[PDB]
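Working notes, structure below.
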Amino acid sequence: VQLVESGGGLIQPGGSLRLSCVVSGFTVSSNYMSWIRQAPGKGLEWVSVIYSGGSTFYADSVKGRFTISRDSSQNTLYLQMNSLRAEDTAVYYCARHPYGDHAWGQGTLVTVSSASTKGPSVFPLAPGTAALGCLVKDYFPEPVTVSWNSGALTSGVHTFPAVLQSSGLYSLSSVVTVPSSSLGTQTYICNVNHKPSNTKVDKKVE
Amino acid sequence: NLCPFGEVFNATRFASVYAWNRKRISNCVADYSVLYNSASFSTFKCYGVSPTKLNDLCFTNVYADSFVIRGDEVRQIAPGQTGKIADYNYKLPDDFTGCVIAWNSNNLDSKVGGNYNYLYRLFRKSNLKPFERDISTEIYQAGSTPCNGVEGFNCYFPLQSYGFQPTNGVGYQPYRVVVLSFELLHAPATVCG
Amino acid sequence: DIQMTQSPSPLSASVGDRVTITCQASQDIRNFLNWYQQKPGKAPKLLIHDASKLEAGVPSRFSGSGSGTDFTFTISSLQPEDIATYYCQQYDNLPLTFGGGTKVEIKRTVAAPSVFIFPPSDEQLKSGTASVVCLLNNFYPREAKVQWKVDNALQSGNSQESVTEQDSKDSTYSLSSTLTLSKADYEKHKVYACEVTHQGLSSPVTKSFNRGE
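First to last, the protein sequences are chains A, E and B.
Note that the first sequence covers residues 2 to 128, 136 to 214 in the deposited numbering.
Everything in the second sequence is counted per the deposited numbering, starting at 334 for the first residue and increasing by one.
Everything in the third sequence is counted per the deposited numbering, starting at 1 for the first residue and increasing by one.
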C-alpha cells in the first residue's frame, strides 16, 4: 500500500491550497481516512476525517476553512484549505486512519507566510582527521537538501538543522570529516538543492 | 385496552443497534404522560409534538424501535445527525414526528469480563436511509480484490462489539433507547389517549 | 476534547535497559489507544494498536499495557536505533487527540568533542558579511558550551547554534555555532577563537585563526 501527498508549498496568509493524496492498495471511497498535520518542531494534530460512507468531521481549529473530499475515479483524497493562517504551517499527512488497516503517507509541507522565496547562497567551510563543509545561508521557504560528491560521500556527514535568523531567512551548515591525508588527493563538492526556488548549486571545497 | 409499552420498555433483553427491534402498536389506548413521568429517563426529547399533546392526538400506527448504544452515541439518535450509529445503524428522518427515550443500563447490560454481545456496524459504503435495517454480516470489501468470505487485509468483518464493563465511563456505558414513531396513514386511527 | 498527557519531555536510558512511557487520558477511552514511533525526519509509524496489540513487523522489545485512562509503553531492551519521539493517540472518540510526545534518548559513555573552526569565505565577504563557523563533532553528553572570543573579547548576541539529533549508531551529538559579523567589524580584529567546554574535556579547548594569515 502506498499513500503519496502533494500540493504543498509557500502561500500568503488568507490564500488557498488543495492537497492531494493518491492511494495504491485500497479503495479511497470505501475506507476511513484522515488528515493529520505536524507543525515544525511540534507534535501531531488531527485535522479532518471522512467516513466510509461519506460523512465528514473536522477539528475546531479548521472548521469553515478546511474541506475534505474524495474522487473514486482517481482513488485520491483531497484537502481544500481556505483562508490559511500561519498556524496552519505544517507537514500534512493522509492516512487510512481511525478504522481499517493502518497506512500513512510521507507528508507534504505547507508554509503560510508573507515572506518571499529566496534561494540559498552556498559558501565553503574550508579545512589525523580533517573537517570541511558548506554554509547554506539566506534561504526561506525551506527545505534545503545537501549531498556530498553526488551521493558518494555519506560517512562522516552531519547536515545540521536550520536556524531562523533575524532577517527571517534560514541558514544551515553541512560538514563531513575526512582523512587529512586525502585533502590534496580528493575532490569534495557539496550539492545543495532548494526546490522551492528551483536552485541547484554544486560547490567545491579546498 | 392499554398499549403494550411495558413489553418494549421493561424488556429483559434489548437488541443490537444494527439489528434494532420494531414494535408495531395497533388498536390500543396509550398514556404518553405516564411514560414521561418515570423520572428514570435520562433523555426524553420529543420532536414535532409534546407528550401532553400526544394524549389528545390519534394515529393509525405507532412504532416503538429499541436498541442499545454507547452513552456518547445517544446524541446521534436525533434528526439531522451523522456518525457511525446514525450513518450505518439507525437513521432518523430529518422530518421526524416522534419521541426519543434513553436511559442508562450499566447494571443490566454490562458484565465482568466484558459484555461483548451488543454490536454495531463499523463499515458500510453508504449511509442508511431513514428507518433502514442492515443485518448483513458479509465481509466488507475495502480494496479491489474479492474477499471470498475470508476476513483479511482489505477485507473486514462489518460489525464490532461494544465492550460493556461495569466501570466504563458514562460515555462508554450502555444505554437502552426507545424511539417512538407516530404515523398518520390514510386509514382508521386506532391508537389514541 | 479528550486530552492525552505523556511522560514529560525527554527520557533516557542505556543500551539494553528498559524505558517506560506513560500516557494519561482525561476520560475513559477503553483500549482505543494507539502508540506511534517517529524517528527524526521520518513519518510516524504505528507500533501498538488497541493498547497492547503489536503491529506486524514490530520487534518484540516493544509492548503496551493499560485500559481505561492510564497506559504504558515499554521497550524491554533499548537499542540505539530506538531513538525517536513516541506518541500515544486515542482514536475512537472524535476530536482525535495525540499526546504531546516523549523523546527517548540513549545514555552512553562520555565522548569528548572534536573541535574545528572555519574562517569566512571570500565569496561571502563580497556581500559585506562574515560568518565564522565552529564545529563540535561526535560528543556525548549533549550539554556543551561554545564561547566565541574576538581578541579575547567574549562575544554575545551575534551567534546561533544548532545540534544534530542523536546518531542511530554511535549515540552522539554534533553542534554547529555560527558567528555572523559585518565585513567592517570582521576587519577590526585579528584573533577569532572558539572555546569549548565539555565533560569529556579536562580543560576547555580553544581553536583559533588569525584573520588573513
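Backbone N, C-alpha and C fix where the C-beta goes; we use that ideal spot for every residue, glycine too.
The way I'd put it, the stretch 137–157 of chain A does touch the stretch 116–136 of chain B; three or more beta-carbon pairs between them come closer than 8 Å. Per DSSP, reduced to three states, the secondary structure at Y451 (chain E) is coil, with no helix or strand assignment. Taking 9 Å as the cut-off, the Cβ atoms of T118 (chain A) and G9 (chain A) do not count as close.
Counting the other Cβ atoms within 10 Å of the Cβ of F347 (chain E) gives 16 or more, which makes it buried.
Think of a sphere of 8 Å around the beta carbon of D28 (chain B): the chain E residues whose beta carbon falls inside it are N501, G502, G504 and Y505, in chain order. The stretch 486–502 of chain E makes no contact with the stretch 362–378 of chain E, as fewer than three CB pairs between them are under 8 Å. Scanning its chain for C-beta atoms nearer than 6 Å, with the 5 sequence neighbours on each side dropped, one finds around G101 (chain B) the residues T85 and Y87, in chain order.
Listed as beta-bridge partners of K43 (chain A) by DSSP are no residues whatsoever. Taking the Cβ atoms as the reference, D70 (chain B) lies roughly 6 Å from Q24 (chain B), within the contact range of under 8 Å. Between the C-alpha atoms of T20 (chain B) and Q90 (chain B) there is a straight-line separation of about 19 Å. In the DSSP assignment, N440 (chain E) falls outside any beta strand (DSSP E) and lies within the alpha helix (DSSP H) extending over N439 to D442.
Secondary structure note for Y147 (chain A): its beta strand (DSSP E) is the uninterrupted segment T137 to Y147. Chain-ordered listing is empty here: chain B has no CB closer than 7 Å to the CB of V154 (chain A), the nearest sitting near 13 Å. When the five nearest sequence neighbours on each side are left out, the beta carbons in the same chain lying within less than 6 Å of the beta carbon of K356 (chain E) are those of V341 and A397, in order along the chain.
Annotation: the continuous beta strand (DSSP E) that includes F515 (chain E) extends over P507 to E516. Secondary structure of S30 (chain A) (DSSP, three-state): helix.
Collapsing the DSSP output to three states places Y100 (chain A) in coil. When CB distances to chain A are screened at a threshold of 9 Å, the residues of the stretch 78–91 of chain B falling below it are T85, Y87, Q89 and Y91, in chain order. The DSSP-derived three-state label of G66 (chain B) is strand. The C-beta of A411 (chain E) comes no closer than 9 Å to any C-beta of chain A. In terms of CA proximity to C391 (chain E), E:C361 leads the group E:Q409, E:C361 and E:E406. Taking a 10 Å sphere around the C-beta of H189 (chain B), we find fewer than 16 other C-beta atoms and assign the residue as exposed. Contact annotation: in the stretch 22–53 of chain B, residues whose CB is within less than 9 Å of a CB in chain A are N34, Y36, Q38, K42, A43, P44, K45, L46 and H49.
Judged by their CB atoms, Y33 (chain A) and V48 (chain A) are not nearer to each other than the 9 Å cut-off.
Within the stretch 48–61 of chain A, contact with chain E at the beta-carbon level (separation under 9 Å) is assigned to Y52, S53, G54, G55, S56, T57 and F58.
Burial state of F27 (chain A) is buried, judged by a 10 Å Cβ sphere holding 16 or more other Cβ atoms. Against chain E, the beta carbon of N93 (chain B) has neighbours under 8 Å at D405 and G504, listed in chain order. Annotated as proximal: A112 (chain B) and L201 (chain B), with beta-carbon spacing under 9 Å.
Within the stretch 64–133 of chain B, the runs of alpha helix (DSSP H) at least 4 residues long that lie entirely inside it are, in chain order, 122–127. Contact check between the stretch 173–183 of chain B and the stretch 128–139 of chain B: three or more CB pairs, one atom from each, fall below 8 Å, which counts as touching. Contact between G64 (chain B) and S52 (chain B) holds: their C-beta atoms lie close to 5 Å from each other, under 8 Å.
Identification of chain A residues near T72 (chain B) by a Cβ-Cβ cut-off of 9 Å yields none; the smallest Cβ-Cβ distance measures about 19 Å. Three or more Cβ pairs closer than 8 Å define a contact, and the stretch 429–442 of chain E falls short of that threshold against the stretch 8–18 of chain B.
Between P41 (chain A) and chain B, the shortest Cβ-Cβ separation is not below 9 Å.
Counting only runs of 3 or more residues that sit fully inside the stretch 377–435 of chain E, the beta strand (DSSP E) segments are 394–403, in chain order. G416 (chain E) places its beta carbon 9 Å or farther from that of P507 (chain E).
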